Amino acid sequence: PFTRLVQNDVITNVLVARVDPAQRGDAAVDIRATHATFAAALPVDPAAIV
Amino acid sequence: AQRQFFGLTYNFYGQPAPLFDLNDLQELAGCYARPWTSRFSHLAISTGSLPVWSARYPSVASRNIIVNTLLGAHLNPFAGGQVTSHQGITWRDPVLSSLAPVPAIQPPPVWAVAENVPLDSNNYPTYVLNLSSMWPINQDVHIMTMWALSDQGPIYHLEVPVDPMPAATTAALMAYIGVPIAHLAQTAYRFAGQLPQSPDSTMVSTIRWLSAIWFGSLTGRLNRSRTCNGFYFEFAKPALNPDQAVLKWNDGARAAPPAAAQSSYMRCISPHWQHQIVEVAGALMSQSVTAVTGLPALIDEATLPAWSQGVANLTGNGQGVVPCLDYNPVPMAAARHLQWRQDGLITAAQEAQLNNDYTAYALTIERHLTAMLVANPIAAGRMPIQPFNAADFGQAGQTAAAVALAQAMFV
Amino acid sequence: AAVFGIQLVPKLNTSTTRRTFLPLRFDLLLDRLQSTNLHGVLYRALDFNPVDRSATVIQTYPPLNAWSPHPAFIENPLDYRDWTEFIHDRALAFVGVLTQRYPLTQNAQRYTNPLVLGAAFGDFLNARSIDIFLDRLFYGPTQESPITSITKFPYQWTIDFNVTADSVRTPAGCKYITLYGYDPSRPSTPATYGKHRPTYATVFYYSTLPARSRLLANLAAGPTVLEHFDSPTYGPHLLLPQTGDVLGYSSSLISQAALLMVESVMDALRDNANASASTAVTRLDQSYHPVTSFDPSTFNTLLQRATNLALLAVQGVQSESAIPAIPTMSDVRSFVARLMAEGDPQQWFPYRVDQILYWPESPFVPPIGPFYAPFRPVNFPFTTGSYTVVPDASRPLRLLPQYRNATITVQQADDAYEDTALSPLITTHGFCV
Amino acid sequence: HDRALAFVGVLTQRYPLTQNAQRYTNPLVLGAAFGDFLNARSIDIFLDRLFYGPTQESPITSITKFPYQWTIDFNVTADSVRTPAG
Amino acid sequence: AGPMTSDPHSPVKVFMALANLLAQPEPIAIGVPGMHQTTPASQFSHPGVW
Amino acid sequence: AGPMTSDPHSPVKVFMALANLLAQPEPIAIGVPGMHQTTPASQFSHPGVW
Amino acid sequence: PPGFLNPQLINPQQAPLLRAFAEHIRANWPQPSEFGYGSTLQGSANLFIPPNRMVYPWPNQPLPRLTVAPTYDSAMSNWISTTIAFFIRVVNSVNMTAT
């Protein structure tokens, strides 16, 4: 979802997990500690956009 | 789409607990997979190819029956608004995606056992809020309810409009000509199962017509001589295996539309349905339509088991009530054969022969089932086949009324 | 009898009969537009300063409140004196067009479709052609609804007016207009709940329930959708608020949807506070109701809390203190602040997605639709009855003790005192002699 | 009048009144925080330590619990506090 | 050079010509759908589109 | 790699190592006369300087 | 910055432009919207979004009927105009005039 100026709703991470954390006993852990993270960014140029 | 449904859990036949084994659950709904469209994964074109003749699940209907009983232990959110656990197993998530053993840290409350529990969608708001993903539950719950409401055969609904078929249905049916009924039933189940649809959709009307045509041919009113817009079903020889039918299209004279719109509810009154694929497929196909469009009207309580009397949103005895008819296959077969002779398709000598063959065929089914019941007494804790008494095979039911309806349905 | 920071009296009160809708006759429409003065007829100034000849906030009325100004107007507002001149010009011109077609003597009896009229008028003063609408200005109320009369032409009429076989989509009109010199920061300015912005929301009228289902399926991914169940003005319709927020109303505790709820709740409270048996009203339940993207399980955001109160307000509850007829920014701020205070949420009536529960003992009377159903809370403390409000006092009050049969030991009395007393205190002597 | 009202809103966004009316404000912290506020400088560091229990310590000793340079104009050691005179 | 021509549509064409340049600051209504204030003025060659 | 070693002071050394890096953002009072939060962590090699 | 979360903290007499800039941004930043795609008959591969739906940073409309033309009431056009208007105000501010 596209959030807009809502500080508490800013999406910091998109996550994916290959294994069931319940088996590892990670049921109560921070989600970031249990799921992989995507990290990709593209540096566009304002001048072309304008 | 359709934002609401109502349901009813199964009845315990005097037994204290829902009748299914942990192995049945682990077998029929395990693997952490989604159980919401599996009703056809264990069906095929004919009994000859299926392991319905021995061991566990020794009947055509056995697996689906067990499925219905299984759900009755886990549909609490639509009854009390809360997910619960039963014998250490519960849903993985509020979306009810799949089942799993309970966690050790914060178990959900244990379900208090009960039977014939009425169900409302509104009791569980998250369902509507996630309707797009939780849609398949609607179909299965409806199917379970349609079976739970009746002893012997499940209940399904029929209707025929005063208008001719639209072209879309005509084109669609012209592509399903040579298909056996079992494959057709799968598509109908597959269609309504996996994503929300509006009742004003071509497939919905298409399947609606199919159920009508199937019944009309089942009663023998629709034949090579007389057809609905050219379509009709053909049944296999009783001398080999009558439990099979396929679609056909023909030059025959087209039946005229009824004077007024006709509709009713149906069920098989005799235990033969439990081991007869055409009945199971026909019911499931017809029930699929009601799943997407909801119940047109309350079902008449007059001829239903005790627990079905006056179920809210399902059964009634008032003015806005549609009667439900029932039949026995053997008298039905005799009527179908008689209609064939009157239409001139066969001679009197053949009609007598056909009755002898079908009766002999049905006898084996009865003989197989009755022996199977004592092999699986319901006191064992699981119900692979619905209980019955020996006299249940002899009931004529409302068969005479049934053929009369087809008489009025395809004039 | 308290919800979070809101205080409620134990008596229930609400009106008992609904006024039926009637469409506007063609002649009557011309009379309103031809009124020698349109203030108080087509619009009203909530802010007029008689010392000058100026106001800053205007409230609009049905023929006009459907307008959505083009942005060039918004970014450069005019003053009050220009406004009154501008309207009187446009009103007369619009009359001329309406009368150049459809001569009066042959059309006075016909009923105008309010939806078409609103859209047509709104485009006109937006300097946009309106010919497409004029063909369908009238409808026969005995034969169809203002909605179904339109769905005879299921296609995109214009870029801001799109109608399908079952539904119509159009931007919601601006109920308030801010003139030159508007300033939300001034606490005494009248509140507008952001409705002055041209595109604060969008409405979807629908003719039948399956259409309603179809619309909701499309909107499920966006912001929260709101709806009235009781009496949806011209017809059943959803509305989709703008996904942003509005400035000045709180410490940024607000999104647009919450604002619509909270002001709707206030109106519901105000009506309960002054409803009477002898007076019919257009609607018993003024509250909105969320139908998408909502959590019934949590109460840590304004939208949740407002909904939780609204479910109770429909029963006919009243606030312990009166709320202004024309609230200012300060008034709204006080209301929101109380609503966000720490406290328990009421749980007499559970939220349900598209059905509302009512107490049979409540004075409320359900309409014919399926959206309402009776319900029995186990320990409801309220009773039916009216309650009047007393003006404030200019003097500290004095009371005379009167006792129950209960009594308390000294130690409990002391420790209860020592943590509630202003133990060190500043005083004045006054004069003895 | 503008700054006073704004300062109140900050003080009430944290520490809701009904749970904190009885607490005593540290005058030193209050003075420093308010002074920075209308100097358009952030004050978050101060808000954590606005109150103190007068029966248990002095407004000074309540601060010396955190002996480090709080901000460029408010420096506190283990025994003393330095700040410009208002 | 407007009146010198014999085209009956000369006046409206002349009018629309300026209207194109002022489409941004000064908007006006165009009767027939499918035509906008930025439409090339030379296309207004029909009595029904004045 | 802390618990793998046999040095009894290893836990304290691990703790101080982070404390050194956080001297600016999270200053604290190390109640040991003669030591500071910026003392090299590896030197905390005795009881009584804990 | 706290002021960016609540422009009222910024005193007008101390930072006129910045307060105006914050208000401009909070008021005119576009509104995300939504539309559908694909066919429900075929299903969809959406994970978080409801199936056969797509989110969109700007407001959106159905496809127009007759010929297109430049317009001036779109969200982006409004964003452009207000932005330009603000900077023009900046250029005329006292800070520029002195230099």
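Readers should treat all values here as calculations from the given coordinates under stated rules, not as data from a laboratory. As a convention, Cβ positions derive from the backbone with ideal geometry for all residues, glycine included, and neighbour counts pool all protein chains shown.
Just a few scattered comments:
- Considering residues of region D:46-86 that are among the hydrophobic types (A, V, I, L, M, F, W, C) and outside any loop (DSSP other than H, G, I, E, B) only, the residue surrounded by the fewest Cβ atoms within 10 Å (Cβ to Cβ): D:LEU47
- C:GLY173 vs. criteria assigned to a helix (DSSP H, G or I), within 21 Å of C:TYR61 (Cα to Cα) and not aromatic (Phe, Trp, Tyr): no
- Within region A:28-50, if we keep just the residues that are over 19 Å from the mean Cα position of the chain (by Cα) and part of a loop (DSSP other than H, G, I, E, B), the residue that is farthest from B:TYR32 (Cα to Cα) turns out to be A:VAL50.
- Of all residues in region B:197-208, those being crowded, with 16+ Cβ neighbours inside 10 Å, part of a helix (DSSP H, G or I) and either of a type in the set (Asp, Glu) or within 14 Å of chain G (Cβ to nearest Cβ) (or both) number 3.
- Residue among C:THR60, C:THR56 that is farther than 26 Å from C:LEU29 by Cα and in contact (Cβ under 8 Å) with a residue 24 or more places away in the chain: C:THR56
- Where strands (runs of 3 or more DSSP E) fall wholly inside region B:84-196, the ranges with 1 or more residues that are of a type in the set (A, V, I, L, M, F, W, C) and closer than 30 Å to A:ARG24 by Cβ are B:89-91, B:99-101.
- Selection from region C:161-170 of residues that are over 20 Å from the mean Cα position of the chain (by Cα) and either surrounded by 19 or more Cβ atoms within 10 Å (Cβ to Cβ) or in a loop (DSSP other than H, G, I, E, B) (or both): C:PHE161, C:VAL163, C:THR164, C:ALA165, C:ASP166, C:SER167, C:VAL168, C:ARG169
- Cβ-Cβ contacts under 7 Å between residues 6 or more apart (or on different chains), taken from a first residue in region C:227-255 that is at the interface with another protein chain (Cβ under 9 Å from one of its Cβ atoms) to a second residue that is crowded, with 22+ Cβ neighbours inside 10 Å and of a type in the set (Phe, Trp, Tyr), are listed as C:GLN242/C:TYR200.
- Within region C:219-275, considering residues that are in a helix (DSSP H, G or I) and among the small types (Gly, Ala, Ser), the one nearest to C:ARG333 (Cα to Cα): C:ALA258
- The set of residues in region B:305-330 that are in contact (Cβ under 8 Å) with a residue 24 or more places away in the chain and either assigned to a helix (DSSP H, G or I) or over 25 Å from B:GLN386 (Cβ atoms) (or both) comprises B:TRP307, B:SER308, B:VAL321, B:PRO329, B:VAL330.
- Scanning region B:331-356 for residues that are in a helix (DSSP H, G or I) and in contact (Cβ under 8 Å) with a residue 60 or more places away in the chain yields B:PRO331, B:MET332, B:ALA333, B:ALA335, B:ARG336, B:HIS337, B:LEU338, B:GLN339, B:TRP340, B:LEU354.
- Within region E:32-42, restricting attention to residues that are surrounded by 12 or more Cβ atoms within 10 Å (Cβ to Cβ) and within 11 Å of the chain's Cα centre (by Cα), the residue that is nearest to the other protein chains (Cβ to nearest Cβ) is E:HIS36.
- Qualifying residue in region B:177-199 (condition: among the basic types (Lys, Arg) and closer than 28 Å to B:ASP343 by Cβ): no
- The residue list C:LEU339, C:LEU357, C:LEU302 contains one member that is of a type in the set (A, V, I, L, M, F, W, C) and within 14 Å of chain B (Cβ to nearest Cβ), which is C:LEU357.
- Screening region C:263-299 for residues that are within 14 Å of chain B (Cβ to nearest Cβ) and surrounded by fewer than 16 Cβ atoms within 10 Å (Cβ to Cβ) and picking the one that is nearest to B:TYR124 (Cα to Cα) gives C:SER297.
- Only one entry of A:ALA33, A:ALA39, A:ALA17, A:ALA28 meets the criterion of being farther than 27 Å from G:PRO50 by Cβ and more than 9 Å from every other protein chain (Cβ to nearest Cβ), and that entry is A:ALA33.
- Scanning region G:30-47 for residues that are exposed (fewer than 13 other Cβ atoms within 10 Å of the Cβ) and either at the interface with another protein chain (Cβ under 7 Å from one of its Cβ atoms) or closer than 30 Å to G:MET96 by Cα (or both) returns a single hit, G:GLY43.
- Single match in B:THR315, B:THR399 (criterion: more than 27 Å from B:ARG226 (Cα to Cα), surrounded by 12 or more Cβ atoms within 10 Å (Cβ to Cβ) and either of a type outside the set (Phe, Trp, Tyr) or in contact with a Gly (Cβ under 9 Å, 6 or more places away or on another chain) (or both)): B:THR315
- Answer from C:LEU134, C:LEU98 - the residue that is within 14 Å of another protein chain (Cβ to nearest Cβ) and over 28 Å from the mean Cα position of the chain (by Cα): C:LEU134
- Out of G:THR82, G:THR97, G:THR67, one residue alone is away from chain E (no Cβ under 14 Å) and in contact with a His (Cβ under 8 Å, 6 or more places away or on another chain). It is G:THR82.
- Checking B:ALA17, B:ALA55, B:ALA44 one by one, the residue that is surrounded by fewer than 17 Cβ atoms within 10 Å (Cβ to Cβ), over 18 Å from B:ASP140 (Cβ atoms), under 17 Å from the mean Cα position of the chain (by Cα) and not charged (D, E, K, R) is B:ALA44 and no other.
- Selected residue (criterion: farthest from the other protein chains (Cβ to nearest Cβ)) from residues of region E:9-31 that are assigned to a helix (DSSP H, G or I) and among the aliphatic types (A, V, I, L, M): E:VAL14
- Any chance G:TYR72 is away from chain E (no Cβ under 14 Å) and either within 24 Å of C:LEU215 (Cβ to Cβ) or surrounded by 13 or more Cβ atoms within 10 Å (Cβ to Cβ) (or both): no
- Contact annotation: residue pairs with Cβ atoms under 8 Å, 6 or more positions apart or on different chains, pairing a residue in region D:1-26 that is facing chain C (nearest Cβ under 9 Å) with a partner that is in a loop (DSSP other than H, G, I, E, B) and hydrophobic (A, V, I, L, M, F, W, C), are D:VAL10/D:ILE43; D:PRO16/C:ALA341; D:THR18/C:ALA341.
- In region B:101-113, the residues that are under 24 Å from B:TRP307 (Cβ atoms) and without any contact (Cβ under 8 Å) to a residue 60 or more places away in the chain: B:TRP111, B:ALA112
- Candidate set: region C:180-209, residues that are within 17 Å of the chain's Cα centre (by Cα) and not in a loop (DSSP other than H, G, I, E, B); chosen: the one surrounded by the most Cβ atoms within 10 Å (Cβ to Cβ): C:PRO190
- Some residue of region B:326-342 being more than 22 Å from B:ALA245 (Cα to Cα), of a type in the set (S, T, N, Q) and surrounded by fewer than 18 Cβ atoms within 10 Å (Cβ to Cβ): no
- Residues within region C:33-45 that are assigned to a loop (DSSP other than H, G, I, E, B) and touching a residue at least 24 places away in the same chain (Cβ under 8 Å), tallied: 3
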